[PDB]
Undergrad: 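Would you mind keeping the following structure in view while I ask a few things?
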Amino acid sequence: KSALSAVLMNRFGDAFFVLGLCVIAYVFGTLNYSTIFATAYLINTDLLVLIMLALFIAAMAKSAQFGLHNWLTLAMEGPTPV
Amino acid sequence: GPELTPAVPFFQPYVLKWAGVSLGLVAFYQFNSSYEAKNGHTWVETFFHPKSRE
Amino acid sequence: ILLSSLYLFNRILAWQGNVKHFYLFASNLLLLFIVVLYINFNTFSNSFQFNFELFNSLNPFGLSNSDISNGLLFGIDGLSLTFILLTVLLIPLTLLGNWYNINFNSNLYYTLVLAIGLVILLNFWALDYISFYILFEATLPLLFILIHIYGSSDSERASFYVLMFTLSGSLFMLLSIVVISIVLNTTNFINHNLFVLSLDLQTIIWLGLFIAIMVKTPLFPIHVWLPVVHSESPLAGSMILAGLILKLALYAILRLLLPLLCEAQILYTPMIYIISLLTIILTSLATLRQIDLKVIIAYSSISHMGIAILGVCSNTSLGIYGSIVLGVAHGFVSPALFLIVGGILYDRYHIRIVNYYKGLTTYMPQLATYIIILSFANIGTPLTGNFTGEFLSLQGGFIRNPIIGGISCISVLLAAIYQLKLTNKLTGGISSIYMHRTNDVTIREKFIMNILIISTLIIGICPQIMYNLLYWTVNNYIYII
Amino acid sequence: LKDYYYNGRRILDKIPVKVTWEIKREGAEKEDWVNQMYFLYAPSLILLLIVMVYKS
Amino acid sequence: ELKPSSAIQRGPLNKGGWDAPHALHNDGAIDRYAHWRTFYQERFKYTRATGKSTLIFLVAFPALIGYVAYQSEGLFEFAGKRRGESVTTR
Amino acid sequence: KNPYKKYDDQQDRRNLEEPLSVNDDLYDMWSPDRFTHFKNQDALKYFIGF
Amino acid sequence: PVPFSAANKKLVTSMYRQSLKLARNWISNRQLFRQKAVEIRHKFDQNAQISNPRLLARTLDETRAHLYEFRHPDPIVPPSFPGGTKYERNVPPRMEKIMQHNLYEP
Amino acid sequence: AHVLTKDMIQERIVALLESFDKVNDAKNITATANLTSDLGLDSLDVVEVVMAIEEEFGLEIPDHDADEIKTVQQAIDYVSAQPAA
Ligand SMILES: CCCCCCCCCCCCCCCCCC(=O)OC[C@H](COP(=O)(O)OCCN)OC(=O)CCCCCCCCCCCCCCCCC
């Protein structure tokens, strides 16, 4: 059950990650770091906020911020070296 | 010193099958690319005979 | 040849008494023949290539060499070649997955299975509305008989569902095809984008075509037949129904609807997006409260089909490519999951209730590993074709309508939920008390599963490998001024 | 014959060769589908993969 | 006096096969639960609760999605939009 | 259910032929965990209040 | 509700054990745990002889309420038991022979 | 690792009871002694003793099985019946 918790909360994060990737591919035409960092300073700010918000929800789940933390303490069911 | 379980042969049928197919595929890829560098075209392309577009 | 090969069939039947080795050999030859056709297929051309006509008035029993075309037309382009390859990859596996569990009247069973496969393969060759419709319907009586005679306890209701629902949608498609026939006096797919009907008549013809699409895909809210039919079908029926037959609807959208009714399709796209979003969300949530393994697996297909619909109706090249890739990857992975639940577990225990299953990892570690792999493939883990299809479909959907595709992005989570909820209970915990230990997966079962996993992995790592057959297709159907 | 062979194999756990019911199950066990699936179907699939690679 | 022909010899219908040992120990309670869950449609009735679910999912939710999908049709264009540019077209 | 009683399936805390509720899938061992120390309403109060 | 009976004894003994478990759960320091434990035993001793029904039932109800007011969020359990960190870890498999399901195929 | 024996369990329980101050006598503690009768332990006192036993061998006694042990031999056979202790 602890494993199911972790995988599902991080799939919630990954859903917002996929949303962000779709926005990024549509707006920038690419996923490469070079091009996105080349042209990001000219981009409309509402679009950048949409992209960054989706990416931050993903990172929030990964880094266990107070929105989506619950799996972090459940993960102590695994062996200690894990 | 921990106990010993029965001896098991390293190269099982699955090892031989999967390694053989994979390595043969890579060997075929390299042979085709070399045959292309020499002959001018991939050796696999020679078997391609579609009707002309016209 | 045909005379001699019929003699060969007859003698084999006389001596062996089981037709199945001959059918396996014939299907393997068919796959090799299709690969030879692919070798000789020209990719730098958007024209149909291996054309032939049947039942022309000048040669009713031969091929037509006449200046008047009144028979049924057949031929292939890249789009149809893709699905034909999927079909001929799948057919021998559907024969091999029932090699040992059919014992009474097995010759008829294998004949039905092979006939259904051949009908679908011919359906992908059809080049006009009438030939397409004929091969579209011809599977229904074969499926009715197969499910009625060789299905599980509730297979009578299931056979009646698989006949009646599909007939119901097909008859409205038939209304549309009749209207096209009498209004245009032509029915073929080669030049049907050259005919521009008035917008009003377009709007009317679209409705019949889309009702048939809604039942065959299926889409919400006319999906409820598919879990029953999948659950009660024998294994070959389920494999064909999930891997091939549902793909006919996506193919129908591309081949029958978009080239002819372009403007009406533009007008109707938001309604399609409503229906597909309802399909994805509601069927994904309904899966969470199912107690039959085969029903759960069947419900999964509906949500993936919704994602594919959203891609194929997105009016973008990425969306259409994603829809096709998703169709192929689902055709690999869903038959594997049906093999696990209705072929391996069901042949060992003869029961499908989820309460009975727990902790299979102890005695069957290999089956548990297969379950884990196929589960993460089914929920779109990257490097799997399922991820490529879903990701591209969602890109196209989001471009077509940012709000609707953005909300559609929740399918990642929802699919993860129902699938991993099943696999968590199947593999973890202490071995169940209700079942005795059985054999782990056999060599035949592993062979089938390995074929399907390697296929999905190959197109997951390099999806571009399909592009040489599809790059015309991703431009043939979008409507931009 | 098939009924006798497979029933003896299934109950006794012994192969009916060697000739009195030997236990030697390790190897020498080919199923009736292997030749077709490994020498026709599988090479066909490999050829399809090669063709797709070079067609691309 | 009207009887089937004496020339007909009918035997039993046996499907044959090997009776395997019973690997599953059936629980009657679980089977009854599964039967109730599988054939729920045969017992369904329209009450306040079930009707409320019917109205939420078959009427309300489609109407919300439809309003959204017909209001926002053609509204957004995002490709390469720059600062100060409108991302909306209307 | 107290886990020191004996059950035919110890992990699931179920005995053979025990009747199932119609919503049994929401009450078995694999269902989401339930917390006893506070009532759900009071826990909502505390969480919102924090 | 008997002033002195086997059922009454079972109840009071279960409850006094509950009190000592609770006190151990709540108090980190061992010395103070012994203090509070001694005091619990004193409280349990003083009300031992209550005879009339109303007073005994009232004292039992009020001590039940006291215990419920002092319940611990997470008791201490040894790891190998139901609430334990090691419960059902590495459960040794049942030893069991392979039942066959198919005449032809293992 | 570490493994206990029946005599180790017995020696630990005997030292445990010897440490208790409410007991009648130390020399009179037998393997088959009754705590209720021979040692004259109160209703609550035997509870305190069972709690001491579980705090000593690191196990958890349910209510129904705690009240069942009446003799020292009963305690020893119970503690040897438990794998992790
Ligand atoms: C009952 C359901 C309704 C039935 C209505 C339809 C019944 C059809 C009966 C099946 C017969 C169709 C398949 C045979 C026709 C193909 C014969 C042929 O030669 O194709 C001609 C085509 C071009 O050939 P040609 O112009 O002569 O030039 C050759 C140069 N060397 O050459 C080619 O390009 C090769 C074409 C390959 C086509 C692949 C066909 C795959 C399936 C073949 C068998 C299907 C059997 C289905 C049985 C169930 C009934 C549907």
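As the structure lists them, so they are numbered: ligands from 1, and atoms in each ligand from 1. Hydrogens, waters and symmetry mates are skipped; everything else that's a heavy atom, side chains included, is used. Letters A, B, ... mirror the listed sequences (proteins, then strands); counts begin at 1.
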Undergrad: Over 60° means perpendicular and under 30° means parallel, so classify the ring planes of C:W472 and C:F44, tilted if in between.
TA: tilted
Undergrad: With no hydrogens and no angle check, just 3.5 Å: does a side-chain donor-acceptor pair link C:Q265 and C:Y477?
TA: no
Undergrad: Name the closest protein heavy atom to atom 49 (C) of ligand 1, giving the residue it belongs to and the distance to 0.1 Å.
TA: C:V119 CG2, 3.7 Å
Undergrad: Please report whether atom 51 (C) of ligand 1 has a protein non-hydrogen atom at a separation of less than 4.0 Å.
TA: yes
Undergrad: Scan the protein's non-hydrogen atoms and note whether one is under 4.0 Å from atom 44 (C) of ligand 1.
TA: no
Undergrad: Determine the sole option in C:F52, C:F189, C:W125 for which the ring-ring contact (aromatic ring centres under 6.0 Å, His included) test with C:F74 is passed.
TA: C:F52
Undergrad: Would you call the rings of C:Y109 and C:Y150 parallel, tilted or perpendicular if under 30° counts as parallel and over 60° as perpendicular?
TA: perpendicular
Undergrad: Identify the closest protein heavy atom to atom 2 (C) of ligand 1: which residue and atom is it, and at what distance?
TA: C:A138 CB, 4.0 Å
Undergrad: Between the side chains of C:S57 and C:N70, is a donor N or O closer than 3.5 angstrom to an acceptor N or O?
TA: yes
Undergrad: May I ask you to decide whether C:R444 forms a salt bridge with G:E105, counting only side-chain N to carboxylate O separations under 4.0 Å?
TA: yes
Undergrad: Could you tell me whether atom 18 (C) of ligand 1 has at least one protein heavy atom nearer than 4.0 Å?
TA: yes
Undergrad: Tell me: protein heavy atom nearest atom 27 (O) of ligand 1, and distance?
TA: C:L63 CD1, 4.2 Å
Undergrad: Closer than 4.0 Å and a protein heavy atom, does any atom meet both conditions relative to atom 34 (O) of ligand 1?
TA: yes
Undergrad: Tell me, which protein residue and heavy-atom name are nearest atom 4 (C) of ligand 1, and how many Å apart are they?
TA: C:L135 CD2, 4.3 Å
Undergrad: Provide, to 0.1 Å, the distance between atom 47 (C) of ligand 1 and the closest protein heavy atom, together with that atom's residue and name.
TA: C:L118 CB, 3.6 Å
Undergrad: Tell me which part of C:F50 gets within contact of ligand 1: side chain, backbone, both or neither, using heavy atoms under 4.0 Å.
TA: both
Undergrad: Is atom 29 (C) of ligand 1 less than 4.0 angstrom from at least one protein heavy atom?
TA: no
Undergrad: Enumerate the atoms of ligand 1 whose separation from the nearest heavy atom of C:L54 is less than 4.0 angstrom.
TA: 8 (C), 12 (C)
Undergrad: Taking the ring centre of each residue, are C:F160 and C:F144 less than 6.0 Å apart?
TA: yes
Undergrad: Kindly assign one of parallel, tilted or perpendicular to the pair C:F447 and D:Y41, based on the angle between their ring planes and the thresholds 30° and 60°.
TA: tilted
Undergrad: Considering C:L122, C:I134, C:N123 one by one, which has a heavy atom nearer to atom 9 (C) of ligand 1 than any of the others?
TA: C:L122
Undergrad: Does ligand 1 have a heavy atom under 4.0 Å from the side chain of C:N51, from its backbone, from both, or from neither?
TA: backbone
Undergrad: Please state which protein non-hydrogen atom is closest to atom 41 (C) of ligand 1 and give its distance, to 0.1 Å?
TA: C:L121 CD2, 3.8 Å
Undergrad: Using the rule side-chain contact (heavy atoms from CB on, under 4.5 Å), only one of C:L226, C:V224, C:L246 pairs with C:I302; which is it?
TA: C:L226
Undergrad: Any idea which part of C:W125 is under 4.0 Å from ligand 1, heavy-atom wise: side chain, backbone, both or neither?
TA: side chain
Undergrad: C:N10 side chain to C:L6 main-chain N or O, any donor-acceptor pair under 3.5 Å?
TA: no
Undergrad: Just by distance, no angles: are the side chains of C:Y129 and C:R255 close enough, under 3.5 Å, to form a donor-acceptor pair?
TA: no
Undergrad: Among protein heavy atoms, which lies nearest atom 14 (C) of ligand 1, and at what distance?
TA: C:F52 CE1, 4.6 Å
